[PDB]
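*Asks:* To be precise about what I am sending: the file is called structure.txt and holds compact mmCIF, C-alpha atoms and all ligand atoms.
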```txt
# COMPACT_ATOMS: atom_id res chain seq x y z
CA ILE H 1 96.89 112.37 101.00
CA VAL H 2 100.07 114.45 100.93
CA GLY H 3 103.02 113.36 103.06
CA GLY H 4 101.35 110.14 104.15
CA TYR H 5 102.18 106.44 103.93
CA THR H 6 100.77 103.32 102.27
CA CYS H 7 98.21 102.03 104.79
CA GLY H 8 98.41 98.34 103.95
CA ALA H 9 95.74 96.26 102.25
CA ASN H 10 92.47 96.48 104.20
CA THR H 11 93.94 97.96 107.38
CA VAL H 12 91.22 100.64 107.26
CA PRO H 13 88.20 98.29 106.76
CA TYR H 14 85.59 101.06 107.11
CA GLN H 15 87.06 103.11 104.24
CA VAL H 16 85.00 103.07 101.04
CA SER H 17 85.47 104.51 97.55
CA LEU H 18 82.56 106.30 95.86
CA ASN H 19 82.58 105.43 92.16
CA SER H 20 80.69 106.95 89.23
CA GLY H 21 82.79 105.43 86.46
CA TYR H 22 85.92 106.36 88.41
CA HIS H 23 86.88 107.13 92.02
CA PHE H 24 85.76 110.64 93.03
CA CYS H 25 85.39 110.63 96.83
CA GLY H 26 85.82 108.59 99.97
CA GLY H 27 83.34 107.61 102.65
CA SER H 28 82.93 105.57 105.83
CA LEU H 29 80.83 102.46 106.48
CA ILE H 30 78.87 103.03 109.71
CA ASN H 31 76.80 99.82 109.53
CA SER H 32 75.99 97.10 106.98
CA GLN H 33 73.62 99.36 105.02
CA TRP H 34 74.85 102.93 105.50
CA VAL H 35 77.77 105.09 104.45
CA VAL H 36 78.65 108.60 105.61
CA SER H 37 80.44 111.01 103.25
CA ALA H 38 80.62 114.70 102.33
CA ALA H 39 77.61 116.50 100.87
CA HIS H 40 79.80 118.21 98.27
CA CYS H 41 80.63 114.70 97.04
CA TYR H 42 77.02 114.23 95.96
CA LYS H 43 76.50 112.83 92.49
CA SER H 44 73.73 110.91 90.77
CA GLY H 45 74.26 107.18 90.26
CA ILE H 46 76.79 106.40 92.96
CA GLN H 47 78.33 102.96 93.41
CA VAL H 48 80.00 102.26 96.74
CA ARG H 49 83.15 100.14 96.70
CA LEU H 50 84.08 98.23 99.85
CA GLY H 51 87.10 96.09 100.73
CA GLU H 52 89.28 98.11 98.35
CA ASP H 53 93.03 98.72 98.49
CA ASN H 54 94.27 99.14 94.91
CA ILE H 55 91.26 100.72 93.17
CA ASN H 56 92.49 99.69 89.71
CA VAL H 57 93.08 95.97 90.33
CA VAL H 58 90.55 93.33 91.33
CA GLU H 59 92.28 91.85 94.37
CA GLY H 60 89.58 89.56 95.74
CA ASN H 61 87.92 91.26 98.72
CA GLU H 62 85.88 93.96 97.02
CA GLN H 63 82.13 94.45 97.26
CA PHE H 64 80.51 96.81 94.73
CA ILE H 65 77.10 98.04 95.86
CA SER H 66 74.90 100.73 94.29
CA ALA H 67 73.19 103.35 96.44
CA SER H 68 69.41 103.11 96.79
CA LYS H 69 69.04 106.53 98.39
CA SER H 70 71.23 109.57 99.10
CA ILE H 71 70.48 112.09 101.83
CA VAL H 72 72.34 115.40 101.92
CA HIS H 73 72.11 117.25 105.24
CA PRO H 74 69.05 119.54 105.27
CA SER H 75 71.18 122.60 106.01
CA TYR H 76 74.05 122.01 103.59
CA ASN H 77 75.39 125.32 102.29
CA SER H 78 77.27 124.95 99.01
CA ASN H 79 78.88 128.39 99.31
CA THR H 80 80.52 127.80 102.70
CA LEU H 81 80.37 124.00 102.96
CA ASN H 82 78.68 124.36 106.35
CA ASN H 83 77.03 121.02 107.25
CA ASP H 84 79.11 119.20 104.62
CA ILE H 85 77.82 115.72 105.38
CA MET H 86 75.68 113.20 103.52
CA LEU H 87 74.25 109.74 104.18
CA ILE H 88 74.06 106.99 101.57
CA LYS H 89 71.96 103.85 101.92
CA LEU H 90 73.14 100.73 100.07
CA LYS H 91 70.76 98.74 97.84
CA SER H 92 71.75 95.60 99.73
CA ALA H 93 73.59 94.95 102.99
CA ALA H 94 77.37 94.64 102.84
CA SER H 95 78.87 91.35 103.99
CA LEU H 96 80.89 92.22 107.11
CA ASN H 97 84.20 90.42 107.57
CA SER H 98 87.79 91.07 108.67
CA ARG H 99 88.37 93.31 105.64
CA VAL H 100 85.00 95.09 105.64
CA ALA H 101 83.94 96.56 108.98
CA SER H 102 81.96 99.55 110.24
CA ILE H 103 83.34 102.43 112.32
CA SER H 104 81.64 103.73 115.48
CA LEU H 105 80.03 107.16 115.76
CA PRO H 106 81.26 109.49 118.55
CA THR H 107 79.56 109.82 121.93
CA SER H 108 81.38 113.11 122.55
CA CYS H 109 83.57 115.52 120.58
CA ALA H 110 87.36 115.13 120.46
CA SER H 111 89.76 117.78 121.73
CA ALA H 112 92.83 119.51 120.31
CA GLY H 113 96.01 117.49 120.66
CA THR H 114 94.24 114.21 119.93
CA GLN H 115 95.86 112.11 117.21
CA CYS H 116 93.62 110.88 114.40
CA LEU H 117 93.98 108.72 111.29
CA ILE H 118 93.03 110.21 107.93
CA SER H 119 92.89 108.07 104.79
CA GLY H 120 92.08 108.29 101.09
CA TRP H 121 93.02 107.82 97.45
CA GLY H 122 93.42 111.56 96.82
CA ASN H 123 96.21 113.60 95.24
CA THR H 124 99.58 113.05 96.92
CA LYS H 125 101.26 116.25 95.68
CA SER H 126 101.02 119.74 97.18
CA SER H 127 102.22 120.99 93.80
CA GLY H 128 101.09 119.15 90.70
CA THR H 129 99.06 115.99 90.26
CA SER H 130 99.73 112.38 91.25
CA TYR H 131 96.92 110.04 92.24
CA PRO H 132 97.79 106.77 94.03
CA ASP H 133 96.16 103.44 93.23
CA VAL H 134 96.49 102.13 96.79
CA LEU H 135 95.07 103.61 100.00
CA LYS H 136 97.21 106.25 101.72
CA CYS H 137 97.22 107.01 105.45
CA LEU H 138 98.17 110.00 107.59
CA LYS H 139 98.23 110.51 111.35
CA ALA H 140 97.39 114.08 112.30
CA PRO H 141 96.41 115.95 115.47
CA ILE H 142 93.29 118.06 115.94
CA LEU H 143 94.38 121.69 116.30
CA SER H 144 92.84 124.69 118.05
CA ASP H 145 90.30 126.46 115.83
CA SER H 146 92.50 129.56 115.61
CA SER H 147 95.09 127.46 113.76
CA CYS H 148 92.83 127.33 110.70
CA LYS H 149 91.05 130.65 111.23
CA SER H 150 94.18 132.82 111.35
CA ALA H 151 95.05 132.66 107.65
CA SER H 152 91.63 131.65 106.32
CA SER H 153 89.68 133.80 103.85
CA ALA H 154 86.61 131.63 104.31
CA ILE H 155 84.13 131.18 107.17
CA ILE H 156 84.92 128.36 109.62
CA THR H 157 81.82 127.43 111.60
CA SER H 158 81.25 125.49 114.81
CA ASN H 159 80.43 122.53 112.55
CA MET H 160 84.02 122.33 111.37
CA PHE H 161 87.31 121.54 113.07
CA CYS H 162 90.98 122.04 112.28
CA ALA H 163 93.45 119.16 111.88
CA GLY H 164 96.91 118.72 110.42
CA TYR H 165 100.23 120.54 110.43
CA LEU H 166 101.14 124.23 110.38
CA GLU H 167 104.54 123.84 108.71
CA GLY H 168 102.85 122.20 105.72
CA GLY H 169 103.97 119.00 104.03
CA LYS H 170 101.21 116.80 105.45
CA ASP H 171 97.51 117.11 104.65
CA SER H 172 94.51 115.52 102.95
CA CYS H 173 93.86 116.74 99.40
CA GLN H 174 91.50 116.60 96.41
CA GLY H 175 90.07 113.12 96.00
CA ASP H 176 90.21 112.46 99.75
CA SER H 177 86.96 114.40 100.29
CA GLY H 178 84.22 112.56 102.13
CA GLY H 179 86.81 110.29 103.72
CA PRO H 180 87.20 109.44 107.43
CA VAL H 181 89.09 111.09 110.27
CA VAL H 182 89.15 108.50 113.04
CA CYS H 183 90.35 109.31 116.56
CA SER H 184 90.35 106.84 119.46
CA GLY H 185 88.21 104.38 117.51
CA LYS H 186 85.47 106.89 116.64
CA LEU H 187 84.56 108.70 113.41
CA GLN H 188 85.18 112.33 114.43
CA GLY H 189 85.49 113.97 111.04
CA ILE H 190 84.88 113.95 107.30
CA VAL H 191 87.45 115.31 104.82
CA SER H 192 85.81 118.56 103.69
CA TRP H 193 88.03 121.37 102.41
CA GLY H 194 91.20 123.41 102.62
CA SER H 195 93.25 126.14 100.96
CA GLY H 196 95.34 124.17 98.49
CA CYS H 197 97.06 121.15 100.06
CA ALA H 198 99.77 120.84 102.71
CA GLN H 199 100.42 124.60 102.61
CA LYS H 200 102.07 126.45 105.50
CA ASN H 201 99.69 128.24 107.90
CA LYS H 202 96.79 126.36 106.31
CA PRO H 203 95.81 122.95 107.75
CA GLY H 204 92.75 121.00 106.60
CA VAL H 205 89.14 121.73 107.58
CA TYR H 206 86.87 118.83 108.50
CA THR H 207 83.18 118.32 109.20
CA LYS H 208 82.67 117.85 112.95
CA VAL H 209 80.72 114.58 113.09
CA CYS H 210 79.97 114.73 116.82
CA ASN H 211 77.50 117.55 116.04
CA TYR H 212 75.48 115.31 113.71
CA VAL H 213 74.97 112.07 115.65
CA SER H 214 71.30 112.77 116.46
CA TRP H 215 70.46 113.54 112.83
CA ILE H 216 72.39 110.48 111.66
CA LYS H 217 70.66 108.10 114.07
CA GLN H 218 67.18 109.49 113.41
CA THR H 219 67.59 109.40 109.64
CA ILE H 220 68.90 105.83 109.55
CA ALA H 221 66.14 104.63 111.87
CA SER H 222 63.50 106.19 109.61
CA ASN H 223 64.83 105.15 106.19
CA CA Z 301 90.58 96.59 93.96
```
Using the file provided, produce a representation of the structure as structure tokens.
*Replies:*
Amino acid sequence: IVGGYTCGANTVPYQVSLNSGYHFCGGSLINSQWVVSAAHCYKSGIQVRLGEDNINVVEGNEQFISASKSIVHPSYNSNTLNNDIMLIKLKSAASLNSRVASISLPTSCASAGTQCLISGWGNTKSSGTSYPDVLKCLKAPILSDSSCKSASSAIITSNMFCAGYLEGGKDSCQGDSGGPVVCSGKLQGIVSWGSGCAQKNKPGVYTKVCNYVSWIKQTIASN
């Protein structure tokens, strides 16, 4: 997260860290046994880390659970990142408490102007590299599609939405991928991609979760 703030230990209880020997992506707990993340975050042998704040210090509220099954969206396109969403089932149910809670799926899509909360342990520099050990937060509004499309050299589909700032300085970044974008108490997006980080004329692009609720519910009910 670039231009954000320190969230506060466990203030984003649904936020998870995907670990394969180190943190590589974020995710969201949607129920005691399932996590939603980005398909481009797929990796073999994933361990999900819950109740985390500082990812390099055992603080006392963590739960480390290995994935039993990973399900990348059937139509994921690695060249355009269309349908960049993936489901991960945990080997055992997470223990839900005040520091580990699930986030609700949307009943309808959110509109431009709506403020959302984006979080992650990604790079905090638009230029250079600096990875935080504690969770960073950023409040950002959903923008009209044209806001991202105007200066984009890549395809932006109806399965993606634009969020962030046009004058740069604030944005999600590498390492934040797969993380949540929560608006009005609902998981509306997944950190997917962008052109650099916090660059002018180029806000972030996120997977539009509201388009995948049916697939998510059917898959969870059948696995
Ligand atoms: Ca920790």
*Asks:* Measuring atom to atom with all atoms listed in the file, identify which of H:30, H:135, H:2, H:103 is nearest to residue 56 in chain H.
*Replies:* H:135
*Asks:* Can you check which parts of chain H lie within 6 Å of ligand CA 301 (chain Z)? Per residue, the shortest pair of atoms and distance in Å to one decimal, counting all atoms listed in the file, sorted by chain and number, as CSV.
*Replies:*
```
residue,atom,partner,partner_atom,distance
H:52,CA,Z:CA301,CA,4.8
H:53,CA,Z:CA301,CA,5.6
H:54,CA,Z:CA301,CA,4.6
H:55,CA,Z:CA301,CA,4.3
H:56,CA,Z:CA301,CA,5.6
H:57,CA,Z:CA301,CA,4.5
H:58,CA,Z:CA301,CA,4.2
H:59,CA,Z:CA301,CA,5.1
```
*Asks:* Which polymer residues have any atom within 6 Å of an atom of range 185-199 of chain H, counting only C-alpha atoms, with same-chain residues fewer than 6 positions away left out, as number ranges by chain?
*Replies:* H: 104-106, 126, 168-171, 173, 177-179, 205-209
*Asks:* With only C-alpha atoms as the atoms that count, which of H:163, H:220, H:151, H:213 lies nearest to residue 200 in chain H?
*Replies:* H:151
*Asks:* Rounded to one decimal in Å, what is the spacing between CA of residue 29 in chain H and CA of residue 44 in chain H?
*Replies:*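 One can read the CA of residue 29 in chain H to CA of residue 44 in chain H distance as 19.2 Å.
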*Asks:* So the first atom is CA of residue 14 in chain H and the second is CA of residue 165 in chain H; what is the distance between them in Å, to one decimal place?
*Replies:*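 Interatomic distance, CA of residue 14 in chain H to CA of residue 165 in chain H: 24.6 Å.
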*Asks:* Kindly indicate which residue among H:113, H:21, H:120, H:45 lies nearest to residue 6 in chain H, using all atoms listed in the file for the distances.
*Replies:*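 Of all the options, H:120 lies closest to residue 6 in chain H.
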*Asks:* Using all atoms listed in the file, which residue out of H:174, H:19, H:66, H:78 lies closest to residue 130 in chain H?
*Replies:*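 The answer is H:174, which sits nearest to residue 130 in chain H.
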*Asks:* Identify which of the residues H:112, H:71, H:88, H:138 lies closest to residue 46 in chain H, counting only C-alpha atoms when measuring atom-to-atom distances.
*Replies:* H:88
*Asks:* Looking at H:74, H:132, H:164, H:204, which one is nearest to residue 216 in chain H, with distances taken over only C-alpha atoms?
*Replies:* H:74
*Asks:* At what distance in Å, to one decimal, does CA of residue 43 in chain H lie from CA of residue 24 in chain H?
*Replies:*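 Going from CA of residue 24 in chain H over to CA of residue 43 in chain H covers 9.5 Å.
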